[PDB]
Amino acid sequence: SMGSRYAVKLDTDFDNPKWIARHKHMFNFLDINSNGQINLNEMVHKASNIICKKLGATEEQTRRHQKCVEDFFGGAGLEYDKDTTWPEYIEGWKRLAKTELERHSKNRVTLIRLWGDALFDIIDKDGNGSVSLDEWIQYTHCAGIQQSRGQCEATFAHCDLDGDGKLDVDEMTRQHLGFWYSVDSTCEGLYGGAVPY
């Protein structure tokens, strides 16, 4: 949406209702039994036993992806064999967003970039660090985070695509920094409304 030389927004906007609504939407989504809590075991079950198995990851790809998911949700305060409720979750996410943006400001790779690298190694069949529209539909619909083809098309329309019409991990990482962490207006619309704003 801003080209490849766009400088990431590095400050936070945690009291913005759009930020709150994005994470409340995801919390309710992840709270599969609607009991008001989630844990890391559930996140990793989803990641390894559903997403990686169905999308054809090798055992080693699955292991790498799982460590990235552990680290990402662990950075928001989730733990194995311990349950997390919404107020705790959203406070933990303020801490995650802050430490991720701080990492980026210091040229240290982010947990969300490491996750993207691990996921794209599985779902990018050509191997150049970018995914086609059909690969992105398959991932997002298996994860459940997008549910219609039009939402995925909106993601591709929003993002700046490479020469081959594909979504590169560096672009999706920049978009994620602005969508999940800093509330950057230029990243609004990233999930085509499947996740709000």
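Start at 1 with the first residue shown and count on from there.
Inset, instruction - Would you determine, from the values in the PDB entry, which of 87-95 and 121-129 has the greater average C-alpha temperature factor? - result: For C-alpha atoms only, the mean B-factor is higher in 121-129.
Inset, instruction - Decide which of the stretches 173-181 and 9-17 has the higher mean C-alpha B-factor, going by the entry. - result: For C-alpha atoms only, the mean B-factor is higher in 9-17.
Legend entry - C-alpha B-factor winner, where the candidates are 150, 56, 144, 36: The record points to 36.
Legend entry - Most elevated Cα B-factor in the entry, residues 51, 137, 69, 161: When the deposited C-alpha B-factors of 51, 137, 69, 161 are compared, 161 is largest.
Legend entry - Where the record places residue 106 (Cα B-factor, split into thirds across the chain): Residue 106: CA B-factor falls in the middle third of its chain.
Inset, instruction - Would you mind ranking residue 45 by its C-alpha B-factor against the rest of the chain and naming the third, lowest, middle or highest? - result: Its C-alpha B-factor, which the entry lists for residue 45, ranks in the middle third among residues of this chain.
Legend entry - Position of residue 26 among the chain's modelled residues by C-alpha B-factor, lowest, middle or highest third: According to the entry, residue 26 has a C-alpha B-factor in the chain's lowest third.
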